[PDB]
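Protein chains in written order, with PDB author numbering: chain A, 154 to 250; chain B, 9 to 389; chain C, 141 to 209; chain D, 16 to 27, 37 to 63; chain E, 306 to 356. Ideal Cβ positions, reconstructed from N, Cα and C, are used throughout, including at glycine.
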Amino acid sequence: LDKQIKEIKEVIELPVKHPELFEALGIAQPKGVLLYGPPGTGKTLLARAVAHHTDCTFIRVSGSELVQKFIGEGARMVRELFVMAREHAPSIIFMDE
Amino acid sequence: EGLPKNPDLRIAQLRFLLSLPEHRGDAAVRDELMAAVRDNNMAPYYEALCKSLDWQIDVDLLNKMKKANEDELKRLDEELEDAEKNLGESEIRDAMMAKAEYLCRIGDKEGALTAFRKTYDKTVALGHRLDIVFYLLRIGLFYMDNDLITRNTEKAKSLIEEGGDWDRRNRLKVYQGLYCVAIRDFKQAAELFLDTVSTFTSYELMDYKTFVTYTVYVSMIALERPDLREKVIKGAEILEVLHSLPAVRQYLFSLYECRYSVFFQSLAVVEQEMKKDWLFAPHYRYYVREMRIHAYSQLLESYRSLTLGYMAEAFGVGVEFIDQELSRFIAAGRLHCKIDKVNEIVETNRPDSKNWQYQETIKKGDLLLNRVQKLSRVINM
Amino acid sequence: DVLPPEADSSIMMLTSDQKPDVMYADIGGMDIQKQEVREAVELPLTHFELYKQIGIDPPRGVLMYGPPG
Amino acid sequence: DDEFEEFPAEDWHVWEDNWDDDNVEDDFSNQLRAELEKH
Amino acid sequence: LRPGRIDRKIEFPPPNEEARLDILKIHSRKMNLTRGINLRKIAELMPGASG
Ligand SMILES: Nc1ncnc2c1ncn2[C@@H]1O[C@H](COP(=O)(O)OP(=O)(O)O)[C@@H](O)[C@H]1O
Numbered sequence: 154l155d156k157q158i159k160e161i162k163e164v165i166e167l168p169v170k171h172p173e174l175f176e177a178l179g180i181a182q183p184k185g186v187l188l189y190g191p192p193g194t195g196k197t198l199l200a201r202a203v204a205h206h207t208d209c210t211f212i213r214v215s216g217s218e219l220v221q222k223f224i225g226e227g228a229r230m231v232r233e234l235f236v237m238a239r240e241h242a243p244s245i246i247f248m249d250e
Numbered sequence: 009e010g011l012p013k014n015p016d017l018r019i020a021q022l023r024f025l026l027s028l029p030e031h032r033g034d035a036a037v038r039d040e041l042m043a044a045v046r047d048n049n050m051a052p053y054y055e056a057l058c059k060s061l062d063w064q065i066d067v068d069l070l071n072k073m074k075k076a077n078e079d080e081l082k083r084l085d086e087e088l089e090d091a092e093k094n095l096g097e098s099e100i101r102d103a104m105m106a107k108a109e110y111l112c113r114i115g116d117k118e119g120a121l122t123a124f125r126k127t128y129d130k131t132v133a134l135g136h137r138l139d140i141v142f143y144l145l146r147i148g149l150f151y152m153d154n155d156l157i158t159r160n161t162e163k164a165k166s167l168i169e170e171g172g173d174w175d176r177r178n179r180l181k182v183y184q185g186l187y188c189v190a191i192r193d194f195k196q197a198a199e200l201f202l203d204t205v206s207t208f209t210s211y212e213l214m215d216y217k218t219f220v221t222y223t224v225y226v227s228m229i230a231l232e233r234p235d236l237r238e239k240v241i242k243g244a245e246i247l248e249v250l251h252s253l254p255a256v257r258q259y260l261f262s263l264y265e266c267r268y269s270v271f272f273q274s275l276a277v278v279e280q281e282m283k284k285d286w287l288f289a290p291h292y293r294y295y296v297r298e299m300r301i302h303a304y305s306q307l308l309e310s311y312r313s314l315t316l317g318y319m320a321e322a323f324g325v326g327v328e329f330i331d332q333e334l335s336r337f338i339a340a341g342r343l344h345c346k347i348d349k350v351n352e353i354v355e356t357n358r359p360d361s362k363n364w365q366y367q368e369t370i371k372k373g374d375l376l377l378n379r380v381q382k383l384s385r386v387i388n389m
Numbered sequence: 141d142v143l144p145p146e147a148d149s150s151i152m153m154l155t156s157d158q159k160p161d162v163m164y165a166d167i168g169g170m171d172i173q174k175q176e177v178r179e180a181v182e183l184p185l186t187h188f189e190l191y192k193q194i195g196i197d198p199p200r201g202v203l204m205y206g207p208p209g
Numbered sequence: 016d017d018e019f020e021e022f023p024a025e026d027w037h038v039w040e041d042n043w044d045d046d047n048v049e050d051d052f053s054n055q056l057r058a059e060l061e062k063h
Numbered sequence: 306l307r308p309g310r311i312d313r314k315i316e317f318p319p320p321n322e323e324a325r326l327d328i329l330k331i332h333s334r335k336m337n338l339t340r341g342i343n344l345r346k347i348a349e350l351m352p353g354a355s356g
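What follows is the structure in structure tokens.
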């Protein structure tokens, strides 16, 4: 999946490494990626690979209560992960269905 | 398929041939080397080779190759800068790895090494790091840089340990066996070659025919009779490739089943090709001596006494020649017998292995004690 | 002080007496499950060298899930 | 430190270094060929 | 799905024959493969399979 590597590279790598190409173009930096595909076709694989190569902190969100104390003890809201994401920015928050 | 033949070892083979005194002037070897040089635009390597071999520099060809190389380097530096500015880390790495690859393809050792070090610094993939390390190892084989070889071998082992790429582990086994053959470590060369005989894929170094030839040679000179029987004489892949090979199969099987004097024509022909080969060249005398000693020991082991006449008849050689050879080896201490000359007869004996182990211990301890004492003088004062 | 790593509340079974009396002969059937459990827990405990040599990574944990009984 | 100029000077392999490869002798191929020819 | 949120939607379909061959090569790099295995043949034999 090389064309897919290329697209994810654009939308993830370029905004965080070269936030000047988008400024010159005059378009807001992309901030949302969604990966179609049957199970085990490389979605999580490519997300992790792009995060690793870009040096972004890959934060996997799954809703498990086993990690709710790590997110925040009184986690009545899912946006409380954003403090962690900001602290470890640049960050890539990955959800899987 | 194998890794790319960027530092083509065939070029090193041809250079070694042209360095030999019976081929310093070989028209075919020179023409093929020049074909490779003009096809790969080896301008720096061509200049260095002309200097070393005293040839006359073909100024026109050298200038055209130099212009081609300069154009390529300029274009590829432009690509690298474009990747720096616009594209991302992967594109940067690809461009600068291509620069290192071309610096190899034009035989520029130092520039290629520096480019590879920079690429390894800027690379994040373990497999790509292993590719760079194998590039460096092939450069080390090409230029017989022992320090480079050992450093990159340790680096490759460390990189493989994590990741556990068995394909890369087998490739490193082949490379390390080649290095062991180069440095005359035939025991480890045979061990690695027998490990990787059924999984050989490194065609960047040499063909499977040559690989099996080297494996058979090192196995004969290193392994004992039981191990040789189990590995070489019965390995299915070795037997098939030896069916393809008419000569080395005869050599190995003659040694194994005691057909003597045919072992010696085989040893003569293999010695000639060993001398021709760049990898085995500064060990052919040692290999032949060791193989002759092995044959004599094999013949003498199963007999309390054996007339020099019978020895000569078995080996096809004359009595005087076999007597002098046997006496030389006995004086060297690598044969467990003595020879009575008034009535020619070779009488064997069985010295306990404790004596051999004591002699080896004294020798190795003397080497290490000399090293330790040298270190002591270096430090204390 | 540092104690020997044998301080523990969960003691091994005294194989002399606590060992169960069941056998693969007493089980019967379920050969697929028996073979999977073998290759997961028993073979790698005496052939881990073979596993590493052929390139497999032995697993720890098998979970034996399924209906009751 | 000292260059040891008292004495004049004359203008000027990781394997085990053994004194057996030094023997002056024709290739074993040549030796065997001679032995067979005179045989 | 509102056309203002997902800045990009990539598609990872089931691997082609070539993609399956590439995946097989990558995942077999880490084992003793006897010399001369037709990974292309294996990929062809397993159609409609994921990585
Ligand atoms: N395109 C691919 N190339 C190599 N391996 C793949 C690919 N797609 C999937 N895999 C393998 O499949 C396994 C599971 O993939 P996964 O990342 O879970 O995909 P998904 O996120 O779509 O479920 C991984 O171990 C991975 O090595």
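Check	Outcome
Chain E contacts from the stretch 270-296 of chain B (Cβ-Cβ distance under 8 Å)	none
Contact set for residue 8/B: own chain, Cβ-Cβ below 8 Å, skip 5 residues either direction	Residue numbering for chain B in the displayed model covers 9 to 389; residue 8/B lies beyond these limits and cannot be assessed.
The stretch 216-228 of chain A touching the stretch 182-195 of chain A, judged by at least three CB pairs closer than 8 Å	no
Contact check, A242/A vs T207/A, beta carbons under 9 Å	no
Inter-residue CB distance, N14/B and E109/B (contact presumed, cutoff 8 Å)	6 Å
Cα-Cα separation between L156/B and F142/B, rounded to whole angstroms	11 Å
Whole alpha helix (DSSP H) elements within the stretch 228-255 of chain B, 4-residue minimum	233-239 and 244-252
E166/A versus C188/B - alpha carbon distance	45 Å
Distance CB(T197/A)-CB(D249/A) smaller than 9 Å	yes
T207/A: contacting residues in chain E (beta-carbon distance under 7 Å)	Here the premise fails: no neighbours, minimum Cβ distance about 15 Å.
Distance, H302/B Cα to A244/B Cα	25 Å
Extent of the continuous alpha helix (DSSP H) run through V203/A	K196 to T207
Interface residues of the stretch 324-356 of chain E facing chain B [CB-CB below 7 Å]	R334, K335, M336, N337, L338, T339 and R340
Contact the stretch 249-256 of chain B vs the stretch 305-316 of chain B: 3+ CB pairs below 8 Å	no
Cβ-based burial, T207/B [other Cβ within 10 Å; buried from 16]	buried
Distance between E160/A and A204/A (C-alpha atoms, nearest Å)	14 Å
Three-state class that DSSP yields for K192/C in the structure shown	helix
Bridge partners - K346/B, DSSP secondary structure assignment	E355/B
Sequence-distant residues of its chain with Cβ nearer than 6 Å to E99/B (five each side left out)	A91
Beta-carbon spacing of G195/C, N337/E below 9 Å	yes
DSSP-derived helix/strand/coil call for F194/B	helix
Contact set for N178/B: own chain, Cβ-Cβ below 6 Å, skip 5 residues either direction	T204 and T207
Neighbourhood of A106/B by C-beta, 7 Å cutoff - its chain only, sequence neighbours within 5 removed	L84
Partner residues on chain B for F19/D, Cβ-Cβ distance less than 8 Å	Those do not exist, as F19/D stays about 17 Å from chain B at its closest Cβ, beyond 8 Å.
Separation of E80/B from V386/B, as counted between CA atoms	49 Å
For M104/B, the first and last residue of its enclosing alpha helix (DSSP H)	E97 to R113
Counterpart residues of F247/A in DSSP-defined beta bridges	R213/A
DSSP beta-bridge partners of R385/B	Its beta-bridge partners do not exist; DSSP assigns none.
Limits of the unbroken beta strand (DSSP E) element including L188/A	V186 to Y189
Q332/B versus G326/B - alpha carbon distance	10 Å
Endpoints, alpha helix (DSSP H) assigned at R83/B	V67 to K93
Classification of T369/B by the beta-carbon crowding that lies within 10 angstroms, buried from 16 upward	exposed
Three-way DSSP call (helix, strand, coil) for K314/E in this model	strand
C-beta atoms of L213/B and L263/B nearer than 9 Å	no
6 Å Cβ shell around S269/B - same chain, five flanking residues per side excluded	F323 and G324
Distance cut-off 8 Å: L154/A Cβ against heavy atoms of ligand 1	yes
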